[PDB]
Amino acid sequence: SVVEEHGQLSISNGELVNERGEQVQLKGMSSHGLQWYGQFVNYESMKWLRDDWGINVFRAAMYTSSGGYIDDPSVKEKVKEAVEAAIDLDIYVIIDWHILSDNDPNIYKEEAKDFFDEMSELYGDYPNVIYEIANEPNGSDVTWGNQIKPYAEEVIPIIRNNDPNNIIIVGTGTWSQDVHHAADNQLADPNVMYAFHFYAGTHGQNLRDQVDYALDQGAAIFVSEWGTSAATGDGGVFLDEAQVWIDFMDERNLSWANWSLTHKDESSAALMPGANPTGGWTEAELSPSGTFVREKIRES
């Protein structure tokens, strides 16, 4: 129903809109790294998220390093499984080239181009697909103008040769926080969005103001990852600040995916130890974070 109704997504005046020009807000879950917790990514779990949580997007977090795709490329087949499930379930799907320790997206740019060529050839005639070409550029030696923008200007044409207008999300500096510099030096492609990531354990008032600055430059922003925890993915749960961010995102038409769908014993994990990887989770099988995130999506 979601993808049939909204169909082709595009950016109009800095906003994500559907094929009839109406604003639409995606809300869903990210996997954790597919090399570690890939068992939680399957049609049945995604169907349960759709039906019981109300998700309308799923993010497949394919780490490049840390035992991910560069080390063992088999994890690309799990991305394909996720995409196929999203197509069958009629929800959107984010294909996330999940850089992190490999902090400059240029490190594995040749592999990224290859990977996005393959994915856009396979899936470029479905409206479900959103390409996230570099999760979290980071480090003081990685800037928008010097590193990230020219990386994007190599990868985007590879995608566009196969898929001329599905959404592309481009990471920003400082772990996808530096939307200000991106917004001042935007990419040409009209269906690009810039990633912004937050963690509720950080006091967020200035970060909200910087998102507003970026929006005011006509840049579109997708909150392609956020957590209820501290910035490490752990360190307690911060539901008061999370709620402030939830309300902010609703007021600004900002789509989002929460980190993450795993049973790992860290505060950002949505599931308890013993949660079934194919779904069906009782209240007792959701973590503090998962209970909250589920409520936010069901409210929506």
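Note that residue numbering follows the sequence shown and begins at 1. Between two forms, the rigid core is defined as the largest C-alpha subset superposing within 1.5 Å.
For the pair 226 to 234 and 103 to 111, rigid core superposition yields a higher RMS C-alpha distance in 9 other deposited structures of this protein in 226 to 234. Of the two segments, 69 to 77 and 114 to 122, the one listed with the higher mean B-factor is 69 to 77 (C-alpha atoms only).
Remark: stretch with higher mean C-alpha B factor among 47 to 55 and 232 to 240 is 232 to 240. Taking only the listed residues 275, 257, 60, 254, the entry reports the highest CA temperature factor at 275. Residue set 172, 146, 166, 186: peak C-alpha B-factor at 146 (per PDB entry). Ranked within its chain, residue 177 lands in the lowest third, by CA B factor from the PDB record. Remark: residue 140 belongs to the highest third of its chain, ranked by C-alpha B-factor as recorded.
Among all modelled residues in its chain, residue 215 ranks in the middle third by Cα B-factor.
When all modelled residues of the chain are sorted by CA temperature factor, residue 89 is found within the middle third.
Looking at the C-alpha B-factors along this chain, the one for residue 200 belongs to the middle third.
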